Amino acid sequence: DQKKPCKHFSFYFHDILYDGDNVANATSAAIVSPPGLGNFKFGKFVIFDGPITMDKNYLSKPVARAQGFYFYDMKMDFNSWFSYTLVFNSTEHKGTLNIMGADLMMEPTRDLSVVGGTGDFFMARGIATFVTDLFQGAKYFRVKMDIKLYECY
């Protein structure tokens, strides 16, 4: 509830969609075909369990995992919506952060809500800022996530 947060993390989320042939490498999978509302994959719904790394390499030792879903939701351009949990299980942090909101893909930056937390993040609340770092067609993307907590207990 102010400018500077009480806890700030910056790290990278990676998504490697299952393509029918890459079980070992994939971190996510679409569960439905898009219904066909426009040409930007409206309604394509993806469940993921992806790594959170401090650098841009999806093979780096993860500091957390992101588990949840996203879907595309715009008829005339790409737009998406997310709800997920960051799961920490390291000597450094043990706990979870729950996040949801609109991933406005057409914007240079966009904010989602940190709606709760557990463990070391008990009762957290704040903002999760997304910036796109890289996308490669429909096969891979990497998001820089900046977690800014404004309630820290």
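All residue numbers are counted from 1 along the displayed sequence.
Asker: Pick between 85-93 and 38-46: the one whose mean CA B-factor in the entry is higher.
Answerer: So the stretch with the higher mean C-alpha B-factor is 85-93.
Asker: Quick one: higher average CA temperature factor, 97-105 or 54-62?
Answerer: According to the entry, 54-62 carries the higher average C-alpha B-factor.
Asker: Which one of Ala30, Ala128, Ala124, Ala26 shows the top CA temperature factor in the record?
Answerer: Most elevated C-alpha B-factor of the set, per the entry: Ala124.
Asker: In terms of the chain's CA B-factor thirds, is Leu17 lowest, middle or highest?
Answerer: Lowest third - that is where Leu17 ends up once the chain's C-alpha B-factors are sorted.
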